[PDB]
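Printed here is structure-v4.txt (compact mmCIF, C-alpha atoms (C1' of nucleotides)):
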```
# COMPACT_ATOMS: atom_id res chain seq x y z
CA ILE A 2 0.00 0.00 0.00
CA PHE A 3 2.95 2.28 0.84
CA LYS A 4 5.81 1.57 -1.56
CA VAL A 5 9.15 3.38 -1.71
CA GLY A 6 9.32 6.79 -3.37
CA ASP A 7 5.67 7.43 -2.50
CA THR A 8 4.62 10.95 -1.47
CA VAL A 9 2.43 9.54 1.29
CA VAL A 10 0.30 11.67 3.60
CA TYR A 11 0.63 11.13 7.35
CA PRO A 12 -1.29 12.99 10.08
CA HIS A 13 -0.70 15.50 11.38
CA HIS A 14 2.49 16.35 9.49
CA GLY A 15 1.03 16.34 5.97
CA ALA A 16 2.79 14.77 3.02
CA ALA A 17 6.10 12.97 3.45
CA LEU A 18 8.65 11.04 1.40
CA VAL A 19 9.47 7.42 2.16
CA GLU A 20 13.19 6.65 1.89
CA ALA A 21 13.42 2.87 2.34
CA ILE A 22 11.51 -0.16 3.58
CA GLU A 23 13.59 -0.89 6.66
CA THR A 24 14.07 -4.43 8.02
CA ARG A 25 15.01 -3.39 11.58
CA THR A 26 14.20 -6.34 13.83
CA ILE A 27 13.03 -6.37 17.44
CA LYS A 28 12.93 -9.51 19.62
CA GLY A 29 14.11 -11.53 16.62
CA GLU A 30 11.06 -10.49 14.55
CA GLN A 31 12.06 -8.72 11.34
CA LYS A 32 9.15 -6.28 11.16
CA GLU A 33 8.87 -4.28 7.95
CA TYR A 34 9.58 -0.78 9.19
CA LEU A 35 9.46 2.08 6.70
CA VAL A 36 11.42 5.31 7.09
CA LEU A 37 9.36 8.40 6.23
CA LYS A 38 10.49 12.02 6.48
CA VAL A 39 8.69 15.33 6.25
CA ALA A 40 10.10 18.67 5.11
CA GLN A 41 8.77 20.93 7.88
CA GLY A 42 9.82 19.29 11.15
CA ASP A 43 12.95 17.71 9.62
CA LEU A 44 12.17 14.49 11.49
CA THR A 45 12.32 10.85 10.39
CA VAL A 46 9.65 8.40 11.57
CA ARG A 47 9.77 4.61 11.31
CA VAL A 48 6.38 2.93 10.96
CA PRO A 49 5.64 -0.82 10.62
CA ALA A 50 3.72 -1.76 7.49
CA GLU A 51 1.34 -4.02 9.44
CA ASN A 52 -0.14 -1.31 11.68
CA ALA A 53 0.50 1.40 9.09
CA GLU A 54 -3.25 1.77 8.59
CA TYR A 55 -3.69 1.95 12.38
CA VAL A 56 -1.75 5.23 12.48
CA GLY A 57 -4.05 6.24 9.63
CA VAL A 58 -1.44 7.34 7.10
CA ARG A 59 -3.72 8.84 4.48
CA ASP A 60 -3.45 9.66 0.78
CA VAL A 61 -3.38 13.17 -0.63
CA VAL A 62 -6.51 15.09 -1.56
CA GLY A 63 -7.26 14.66 -5.25
CA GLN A 64 -10.11 16.45 -7.01
CA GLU A 65 -13.25 15.23 -5.24
CA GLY A 66 -11.57 16.13 -1.96
CA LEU A 67 -10.70 19.62 -3.20
CA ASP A 68 -14.25 20.38 -4.30
CA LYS A 69 -15.62 18.70 -1.14
CA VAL A 70 -13.64 20.88 1.25
CA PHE A 71 -14.52 23.75 -1.11
CA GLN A 72 -18.22 23.06 -0.61
CA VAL A 73 -17.64 22.83 3.15
CA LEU A 74 -15.77 26.15 3.20
CA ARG A 75 -18.63 27.72 1.22
CA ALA A 76 -21.32 25.91 3.24
CA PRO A 77 -23.72 28.44 4.82
CA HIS A 78 -25.92 28.12 7.94
CA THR A 79 -23.02 27.20 10.25
CA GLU A 80 -23.59 28.27 13.85
CA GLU A 81 -21.83 27.48 17.11
CA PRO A 82 -22.62 27.19 20.83
CA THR A 83 -23.14 30.57 22.45
CA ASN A 84 -20.53 30.08 25.18
CA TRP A 85 -17.20 30.60 23.44
CA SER A 86 -15.54 27.91 25.59
CA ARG A 87 -17.69 25.12 24.14
CA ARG A 88 -16.89 26.39 20.64
CA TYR A 89 -13.19 26.48 21.52
CA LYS A 90 -13.04 22.94 22.91
CA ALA A 91 -15.20 21.59 20.06
CA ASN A 92 -13.07 23.00 17.27
CA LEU A 93 -9.90 22.12 19.21
CA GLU A 94 -10.98 18.47 19.20
CA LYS A 95 -11.99 18.97 15.58
CA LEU A 96 -8.50 20.15 14.56
CA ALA A 97 -6.81 17.55 16.78
CA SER A 98 -8.66 14.85 14.82
CA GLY A 99 -7.09 16.28 11.67
CA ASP A 100 -9.33 15.32 8.72
CA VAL A 101 -9.42 17.76 5.80
CA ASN A 102 -13.19 18.40 5.87
CA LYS A 103 -13.21 19.39 9.54
CA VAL A 104 -10.04 21.48 9.27
CA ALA A 105 -11.68 23.29 6.33
CA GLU A 106 -14.82 23.84 8.41
CA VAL A 107 -12.71 25.20 11.30
CA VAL A 108 -10.79 27.65 9.12
CA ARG A 109 -13.86 28.91 7.26
CA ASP A 110 -15.80 29.27 10.52
CA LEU A 111 -13.05 31.28 12.17
CA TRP A 112 -12.59 33.39 9.03
CA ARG A 113 -16.30 34.23 9.11
CA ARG A 114 -15.87 35.15 12.79
CA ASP A 115 -12.63 37.12 12.24
CA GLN A 116 -14.18 39.14 9.41
CA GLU A 117 -16.35 41.12 11.89
CA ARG A 118 -16.05 39.88 15.50
CA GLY A 119 -12.36 39.29 15.86
CA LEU A 120 -10.71 36.77 18.15
CA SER A 121 -7.83 36.65 20.62
CA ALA A 122 -4.19 36.17 19.64
CA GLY A 123 -4.46 32.62 20.94
CA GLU A 124 -7.50 32.07 18.75
CA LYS A 125 -5.70 33.72 15.85
CA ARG A 126 -2.82 31.33 16.58
CA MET A 127 -5.15 28.31 16.47
CA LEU A 128 -6.38 29.62 13.12
CA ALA A 129 -2.82 30.17 11.87
CA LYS A 130 -1.90 26.60 12.80
CA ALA A 131 -4.98 25.14 11.09
CA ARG A 132 -4.44 27.42 8.08
CA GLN A 133 -0.77 26.42 7.85
CA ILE A 134 -1.45 22.69 7.89
CA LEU A 135 -4.40 23.13 5.49
CA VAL A 136 -2.43 25.20 2.97
CA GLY A 137 0.37 22.65 3.11
CA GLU A 138 -2.22 19.94 2.48
CA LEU A 139 -3.74 21.78 -0.49
CA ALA A 140 -0.39 22.89 -1.94
CA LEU A 141 0.74 19.27 -2.01
CA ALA A 142 -2.72 18.07 -3.08
CA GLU A 143 -2.97 20.20 -6.22
CA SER A 144 0.88 20.36 -6.09
CA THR A 145 0.59 24.10 -6.47
CA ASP A 146 3.32 26.15 -4.83
CA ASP A 147 2.42 27.14 -1.22
CA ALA A 148 2.28 30.89 -1.97
CA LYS A 149 -0.14 30.26 -4.82
CA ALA A 150 -2.11 27.96 -2.51
CA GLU A 151 -2.43 30.85 -0.05
CA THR A 152 -3.55 33.23 -2.79
CA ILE A 153 -6.13 30.78 -4.15
CA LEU A 154 -7.33 30.05 -0.59
CA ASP A 155 -7.80 33.78 -0.03
CA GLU A 156 -9.59 33.97 -3.39
CA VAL A 157 -12.06 31.25 -2.38
CA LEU A 158 -12.86 32.53 1.14
CA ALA A 159 -14.47 35.64 -0.37
CA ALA A 160 -16.56 33.49 -2.77
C1' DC B 1 4.33 -0.84 96.78
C1' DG B 2 6.17 3.78 96.61
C1' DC B 3 9.33 7.45 95.19
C1' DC B 4 14.40 9.60 93.95
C1' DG B 5 19.87 9.96 91.17
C1' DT B 6 22.49 8.78 86.90
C1' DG B 7 22.65 8.35 82.09
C1' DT B 8 21.52 9.31 77.24
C1' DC B 9 19.75 12.10 73.85
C1' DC B 10 17.60 16.40 71.63
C1' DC B 11 17.96 21.04 71.17
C1' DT B 12 19.97 25.84 71.34
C1' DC B 13 23.58 29.31 71.34
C1' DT B 14 28.47 30.85 70.27
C1' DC B 15 32.87 31.47 67.40
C1' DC B 16 -7.51 31.25 29.61
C1' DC B 17 -11.43 34.45 27.56
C1' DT B 18 -16.13 37.17 27.91
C1' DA B 19 -19.51 40.57 29.68
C1' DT B 20 -21.12 44.88 33.00
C1' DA B 21 -20.69 48.61 35.65
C1' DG B 22 -18.26 52.34 37.44
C1' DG B 23 -14.12 55.60 38.27
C1' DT B 24 -10.26 58.35 36.03
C1' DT B 25 -8.05 61.51 32.95
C1' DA B 26 -7.08 64.15 28.69
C1' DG B 27 -8.75 67.39 25.87
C1' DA B 28 -11.12 71.41 24.31
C1' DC B 29 -14.24 75.99 25.35
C1' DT B 30 -14.68 80.75 27.88
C1' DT B 31 -13.01 83.50 31.57
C1' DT B 32 -9.44 85.97 34.12
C1' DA B 33 -5.03 87.62 35.87
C1' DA B 34 -1.13 89.46 33.25
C1' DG B 35 1.93 91.78 30.16
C1' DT B 36 1.91 95.96 26.98
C1' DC B 37 1.66 100.72 24.66
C1' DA B 38 0.20 105.42 23.97
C1' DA B 39 -0.58 110.00 25.67
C1' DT B 40 0.11 113.27 29.82
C1' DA B 41 1.05 116.12 33.83
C1' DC B 42 4.28 117.66 37.31
```
I'd like the structure from this file rewritten - as structure tokens, please.
Amino acid sequence: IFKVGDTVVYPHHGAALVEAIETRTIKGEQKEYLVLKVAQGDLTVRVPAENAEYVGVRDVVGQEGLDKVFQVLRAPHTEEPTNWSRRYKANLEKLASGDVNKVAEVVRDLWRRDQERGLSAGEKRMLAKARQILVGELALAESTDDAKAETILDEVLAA
DNA sequence: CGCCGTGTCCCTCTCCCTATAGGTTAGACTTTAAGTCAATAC
């Protein structure tokens, strides 16, 4: 499922390159580790191929995913619990889960808030984190040059 | 059965974010004490 040279997508660190299919044994059991590295954190992670789907290493958003998160970002009628703390903990869990639809919903919701209401620097920071991981996801999904991913993302938020 | 000396030991002294309500100050307007000039008389 995850061969060498594959630009495979791992949560939460986005896309990553696999270097080799490592045969590092433990307890005399030659498990099929794979070395995978990302470009942001500059870290290398070894994952066994058996429980590779347990960690949920995904595949990059294609076209249906792009228009799906598009429709979510343009989805109207979204409203939140009145107490800001419930909204905060809900969308914190929602970003911690890390799926593209819910990250898109988080960023579009907070952008709709930020347009008029405004949020705290911590809440701006939570946005900025979700926006950063989302624009990395899109810029390696359409393979479209992070700066241009930011400019298209700003194009689409206005609708 | 009922109280008293000796010994040992412990201790002390010295050399997050939100919402409401209320107080504070800074900033400008009109008044006043203040600085000024011109002519004059002895």
Interface residues on chain B facing chain A, 12 Å, all atoms listed in the file, written as a short mmCIF file (atom, residue, chain, number, x, y, z; two decimals) with C-alpha atoms (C1' of nucleotides), in the frame of the given file:
```
data_model
loop_
_atom_site.label_atom_id
_atom_site.label_comp_id
_atom_site.auth_asym_id
_atom_site.auth_seq_id
_atom_site.Cartn_x
_atom_site.Cartn_y
_atom_site.Cartn_z
"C1'" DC B 16 -7.51 31.25 29.61
"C1'" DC B 17 -11.43 34.45 27.56
"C1'" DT B 18 -16.13 37.17 27.91
"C1'" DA B 19 -19.51 40.57 29.68
#
```
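Across the structure, atom CA of residue A:13 and atom CA of residue A:66 are spaced 17.2 Å apart.
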Exercise. Name all residues at most 9 Å from residue A:158 (count all atoms listed in the file; drop same-chain ones fewer than 4 positions away) and give them as a PyMOL selection string.
Key: chain A and resi 74-75+109+112-113+153-154
Go ahead and dump the residues you just picked, C-alpha atoms, as a tab-separated table (two decimals), keeping the file's coordinate frame.
```tsv
chain	number	residue	atom	x	y	z
A	74	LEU	CA	-15.77	26.15	3.20
A	75	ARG	CA	-18.63	27.72	1.22
A	109	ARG	CA	-13.86	28.91	7.26
A	112	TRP	CA	-12.59	33.39	9.03
A	113	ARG	CA	-16.30	34.23	9.11
A	153	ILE	CA	-6.13	30.78	-4.15
A	154	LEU	CA	-7.33	30.05	-0.59
```
Quiz item: What is the atom CA of residue A:59 to atom CA of residue A:10 distance in Å?
Solution: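 These atoms are spaced 5.0 Å apart.
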Exercise. For stretch 42-52 of chain A, please output as number ranges by chain all residues within 9 Å (counting all atoms listed in the file; exclusion window: fewer than 4 positions along the same chain).
Key: A: 2-3, 14, 22-23, 32-38, 56-57
Got time to write the residues from that selection, C-alpha atoms, as a PDB file, in the coordinates of the input?
```pdb
ATOM      1  CA  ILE A   2       0.000   0.000   0.000  1.00  0.00           C
ATOM      2  CA  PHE A   3       2.950   2.280   0.840  1.00  0.00           C
ATOM      3  CA  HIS A  14       2.490  16.350   9.490  1.00  0.00           C
ATOM      4  CA  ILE A  22      11.510  -0.160   3.580  1.00  0.00           C
ATOM      5  CA  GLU A  23      13.590  -0.890   6.660  1.00  0.00           C
ATOM      6  CA  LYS A  32       9.150  -6.280  11.160  1.00  0.00           C
ATOM      7  CA  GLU A  33       8.870  -4.280   7.950  1.00  0.00           C
ATOM      8  CA  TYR A  34       9.580  -0.780   9.190  1.00  0.00           C
ATOM      9  CA  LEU A  35       9.460   2.080   6.700  1.00  0.00           C
ATOM     10  CA  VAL A  36      11.420   5.310   7.090  1.00  0.00           C
ATOM     11  CA  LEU A  37       9.360   8.400   6.230  1.00  0.00           C
ATOM     12  CA  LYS A  38      10.490  12.020   6.480  1.00  0.00           C
ATOM     13  CA  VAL A  56      -1.750   5.230  12.480  1.00  0.00           C
ATOM     14  CA  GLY A  57      -4.050   6.240   9.630  1.00  0.00           C
TER      15      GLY A  57
END
```
